[PDB]
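Protein chains in written order, with the numbering used here: chain D, 48 to 248; chain S, 48 to 248.
For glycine and all other residues, C-beta sits at the position ideal for the given N, C-alpha and C.
The structure appears below as structure tokens.
Protein chains: 2
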Amino acid sequence: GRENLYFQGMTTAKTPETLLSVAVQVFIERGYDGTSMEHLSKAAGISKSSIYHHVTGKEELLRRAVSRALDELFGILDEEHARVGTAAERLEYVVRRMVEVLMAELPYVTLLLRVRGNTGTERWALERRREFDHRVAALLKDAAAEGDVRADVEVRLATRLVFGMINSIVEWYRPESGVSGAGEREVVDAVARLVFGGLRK
Amino acid sequence: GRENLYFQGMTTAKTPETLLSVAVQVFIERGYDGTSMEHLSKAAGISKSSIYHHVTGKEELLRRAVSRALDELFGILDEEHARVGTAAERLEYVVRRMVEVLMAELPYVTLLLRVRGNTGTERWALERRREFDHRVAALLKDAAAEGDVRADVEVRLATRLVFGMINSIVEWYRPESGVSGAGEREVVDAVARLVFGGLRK
Numbered sequence: 048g049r050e051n052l053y054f055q056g057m058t059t060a061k062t063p064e065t066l067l068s069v070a071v072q073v074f075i076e077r078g079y080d081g082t083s084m085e086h087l088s089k090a091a092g093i094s095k096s097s098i099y100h101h102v103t104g105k106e107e108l109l110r111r112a113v114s115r116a117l118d119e120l121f122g123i124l125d126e127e128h129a130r131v132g133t134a135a136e137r138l139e140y141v142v143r144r145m146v147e148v149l150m151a152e153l154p155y156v157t158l159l160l161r162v163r164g165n166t167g168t169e170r171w172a173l174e175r176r177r178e179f180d181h182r183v184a185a186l187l188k189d190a191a192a193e194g195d196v197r198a199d200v201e202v203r204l205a206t207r208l209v210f211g212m213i214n215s216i217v218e219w220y221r222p223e224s225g226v227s228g229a230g231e232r233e234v235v236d237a238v239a240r241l242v243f244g245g246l247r248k
Numbered sequence: 048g049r050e051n052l053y054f055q056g057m058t059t060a061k062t063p064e065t066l067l068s069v070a071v072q073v074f075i076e077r078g079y080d081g082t083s084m085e086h087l088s089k090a091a092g093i094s095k096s097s098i099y100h101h102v103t104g105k106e107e108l109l110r111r112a113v114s115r116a117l118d119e120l121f122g123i124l125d126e127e128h129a130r131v132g133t134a135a136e137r138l139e140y141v142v143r144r145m146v147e148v149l150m151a152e153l154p155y156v157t158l159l160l161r162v163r164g165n166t167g168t169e170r171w172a173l174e175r176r177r178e179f180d181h182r183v184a185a186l187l188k189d190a191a192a193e194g195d196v197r198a199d200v201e202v203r204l205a206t207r208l209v210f211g212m213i214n215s216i217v218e219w220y221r222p223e224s225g226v227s228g229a230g231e232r233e234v235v236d237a238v239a240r241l242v243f244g245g246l247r248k
């Protein structure tokens, strides 16, 4: 109801998000497995029957969510600057873009990272993520061959650790002299600097 | 029962772990919140009544678990080589040891990292983790001041990213010319190399 604000007689006033965006919020809160259709119905404010105008159930909503995350990540790999220049130039571009995508698509990427199930959708999403891993590891291998990346760390271990650094951003990053985007740029620049040069002066 | 092995008449044969180690396994599988006393009783193979010889309930078992993880991590900071030499020497030692502890105490550290609750125990564990963070960030600040760590990445962002790299190890690491421990050494060495020098040759 309207709540008194205790200021000159003023009071407060007493679902515009999409079904997908609602579902993603519930999945992050509860975990996918722990989300029921009743949760989703109560959250979206529409009936279980009404949801069939949209999807067959929660797996389809998860699919839509992880597909959006995967499309953005794979998309990076065929962008011009991921595909031209030296292998180390392409790798650095890819790393920067992965940070950008994780910030921009944070809830979707978070769900993708959490997939640990045996539905067909989850197994597909895990397949796709392993393919993406393989792709990036090949870029790092190419940069090592070109002499631009160090040879004393195994390529797949380096790739795993670098992904650990990048993926950690979902845990801590919250969006708020450039008018906008300074905090985002700062994270991208820092990750690039630490990935390629580490902490040492 | 005994299962026929279909080999010359042979067959198979038809809770020695501690309550804490059982509980930790259930908590990792189910999440702490989603674990009930019935789960724990069914897992340990003893009655709910019998568990009172040991603990008041699951919060106390969680406390024991996260206390073990926190004790090992804090322990690092007062080890000799975390406390003598240059700030960058101490930092590097700390980073190496954090990797060692995360591998050795993997389930405990995993639970500590997962704490996202409002029980008194969880809030304590979060306080302690933030204190540990602060400590390590001060080491990095000292190394920057001594001119050994780069100045173009904010100290707390660098620390957050480095912890992201380290903490990621709980997701992927499984234990199996040195007779033992080669895989462990490899991870520690790689993390140290990438943290301090990055990927570039």
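Residue j and residue i - do their beta-carbons sit closer together than 8 Å?
i, j, result
"residue 142/D", "residue 239/D", "yes"
"residue 187/S", "residue 138/S", "yes"
"residue 120/D", "residue 179/D", "yes"
"residue 164/D", "residue 80/D", "yes"
"residue 195/D", "residue 247/S", "yes"
"residue 213/S", "residue 158/S", "no"
"residue 227/D", "residue 215/S", "no"
"residue 234/S", "residue 206/S", "no"
"residue 98/S", "residue 83/S", "no"
"residue 217/D", "residue 153/D", "yes"
Going straight from the alpha carbon of residue i to that of residue j, what length do you get?
i, j, result
"residue 61/S", "residue 122/S", "43 Å"
"residue 76/S", "residue 133/D", "44 Å"
"residue 189/S", "residue 172/S", "26 Å"
"residue 156/S", "residue 73/S", "15 Å"
"residue 147/D", "residue 237/D", "12 Å"
"residue 128/D", "residue 244/D", "20 Å"
"residue 70/D", "residue 90/D", "8 Å"
"residue 58/D", "residue 49/D", "6 Å"
"residue 174/S", "residue 241/D", "27 Å"
"residue 185/S", "residue 68/S", "34 Å"
"residue 93/D", "residue 100/D", "11 Å"
"residue 131/S", "residue 201/S", "24 Å"
"residue 117/D", "residue 64/D", "22 Å"
"residue 96/D", "residue 222/D", "36 Å"
"residue 198/S", "residue 191/S", "6 Å"
"residue 220/S", "residue 66/D", "37 Å"
"residue 111/S", "residue 78/D", "26 Å"
"residue 170/S", "residue 86/S", "24 Å"
"residue 224/D", "residue 177/S", "30 Å"
"residue 102/S", "residue 160/S", "23 Å"
"residue 40/D", "residue 62/S", "Nothing about residue 40/D can be reported from this structure: the residues present for chain D run from 48 to 248 only."
"residue 115/D", "residue 107/S", "41 Å"
"residue 204/S", "residue 229/S", "31 Å"
"residue 181/S", "residue 140/S", "17 Å"
Could you tell me if residue i is buried or exposed, where buried requires 16 or more neighbouring beta carbons within 10 angstroms of its beta carbon?
i, result
"residue 53/D", "exposed"
"residue 211/D", "buried"
"residue 151/S", "exposed"
"residue 105/S", "buried"
"residue 135/S", "buried"
"residue 193/S", "exposed"
"residue 35/D", "One cannot answer for residue 35/D here, as it falls past the ends of chain D, which runs 48 to 248."
Mind listing the chain A neighbours of residue i? Cutoff is C-beta to C-beta under 7 Å, in chain order.
i, result
"residue 194/S", "Among the chains of the structure shown, chain A does not appear; the protein chains present are D and S."
Margin query: If the cut-off is 9 Å on Cβ atoms, which residues from the region 196 to 216 of chain D count as contacting chain S, listed in chain order?
Written below: Answer set for the region 196 to 216 of chain D: 196, 197, 198, 199, 200, 201, 204, 205, 207, 208, 209, 210, 211, 212, 213, 214, 215 and 216.
**Prompt:** Which runs of the alpha helix (DSSP H) spanning at least 4 residues fall entirely within the region 141 to 221 of chain D, listed in chain order?
**Reply:** 153 to 161, 167 to 192, 202 to 214 and 216 to 219
TODO: Check each residue of the region 75 to 103 of chain D: if its Cβ is closer than 9 Å to any Cβ of chain S, include it; give the result in chain order.
DONE: From the region 75 to 103 of chain D, only 78 and 81 have a Cβ closer than 9 Å to chain S.
Checklist entry - Taking a cut of 9 Å between CB atoms, which residues from the region 231 to 246 of chain D lie near chain S? => result 233, 234, 236, 237, 238, 240, 241, 242, 243, 244, 245 and 246
- Query: Mind listing which residues of the region 151 to 182 of chain S have their C-beta closer than 7 Å to chain D's C-betas, in chain order?
  - Reply: none
Practice item. Would you list, in chain order, the members of the region 118 to 135 of chain S that have their beta-carbon closer than 7 Å to a beta-carbon of chain D? Key: none
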